């Protein structure tokens, strides 16, 4: 069918005034929380890439300077894209920032996270495969109305679904920018790259993977000694978050592979006890759709995730909700017969959470019966929250769109794999 919100929808409205900055969004700008990448688009002319900013406390108004860029895609011309990095911020404080300093100015605000620490509580939103359908709008609306009150969104891939349109009509990137602004202009969303961001379209001489995405959404990849925007890590509060790319190389000797192997070695559980991995394609998935796609990355990375006692791996891709048991399937040796996943308290829980809305379609077909390794699964739209209480406890909840904003359809306690490695099995 067609359940994408019409161009003239209220979520798509353009901020008024000559060259008013639009599609504003922010994300963590450094490795630990002291910086922030502020981004936006101006449509009438290049404009300034300057950000004004100040804490509500100490009232000194500083000015950050950034860069402007443009891109083309087939018959589409981007507007003027700005990214600026505000650095040396104070932990745990509200900051006001402004963009569009030369003409129409707009003001926004954000709150830096506490300094990383073993016992720092923090609430992450979890959203995958958002799209811009009516379902999409409902999810975002639930998240912002959650009483748990999310401070950062971990976003597991597939943003605008703009590549489903005629010529990947990139206007549909612009709309998704203006739609998400009401959330991401005030809190970082941590970006993962999904298959709808590949935009590989040889048929119209666009053969550079990830182009529109890579122009519109910067991440702090050098911060973690990565050579690419598609894999990086950041530390925020008590969490160490590794972000991977289901669609870049991960063979032995590749950049991503090499970077990951080192990065894990840099994880200090006494400083960030919550080790979280993000990636678009799930490695454990009992839905028919995309079943076993994640098998290739699993052969390369699963054993590591276990060696390093990862707490949780979030994925999207599959348009539905799943939560694995703590299992591993890493004893296989071709001829040894050992290919069944087994209970394993060192392994992460795997969560598919790619049901935020996409283009309005849910994946309902499941392998039957439910496999031993699947703890819970349901084909409903929604988003999740991973809520860190302390060094031993994180409460994860899944909320459905058909339910009330306070209802938790599925809800489990995560016991830390380093500080409290006990059967949290449901």
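Numbering follows the first chain given and starts at 1.
Engineer: Comparing 49-57 with 360-368, where is the mean C-alpha B-factor higher?
Structural biologist: It is 49-57 that shows the higher mean C-alpha B-factor.
Engineer: Can you let me know which of the two, 234-242 or 111-119, has the higher average C-alpha B-factor in the entry?
Structural biologist: Higher of the two, by average CA B-factor, is 111-119.
Engineer: Going by the CA temperature factor in the entry, name the top one among 147, 316, 229, 294.
Structural biologist: Result of the comparison over 147, 316, 229, 294: 147.
Engineer: According to the Cα B-factor stored in this entry, which of the following is highest: 278, 349, 249, 204?
Structural biologist: By C-alpha B-factor in the record, 204 ranks first.
Engineer: Based on the deposited C-alpha B factors for this chain, I'd like to know if residue 379 is in the lowest, middle or highest third.
Structural biologist: Bottom third by C-alpha B-factor.
Engineer: Please say which third, lowest, middle or highest, residue 309 falls into when its CA temperature factor is compared across its chain.
Structural biologist: Lowest third of the chain for residue 309's C-alpha B-factor.
Engineer: Is residue 401 in the lowest, middle or highest third of its chain when residues are ranked by C-alpha B-factor?
Structural biologist: CA B-factor rank for residue 401: highest third.
Engineer: When the modelled residues of the chain are sorted by Cα temperature factor, does residue 416 land in the lowest, middle or highest third?
Structural biologist: It belongs to the middle third of the chain when residues are ordered by C-alpha B-factor.
Engineer: Among the modelled residues of this chain, does the Cα B factor of residue 200 put it in the lowest, middle or highest third?
Structural biologist: Middle third - that is where residue 200 ends up once the chain's C-alpha B-factors are sorted.
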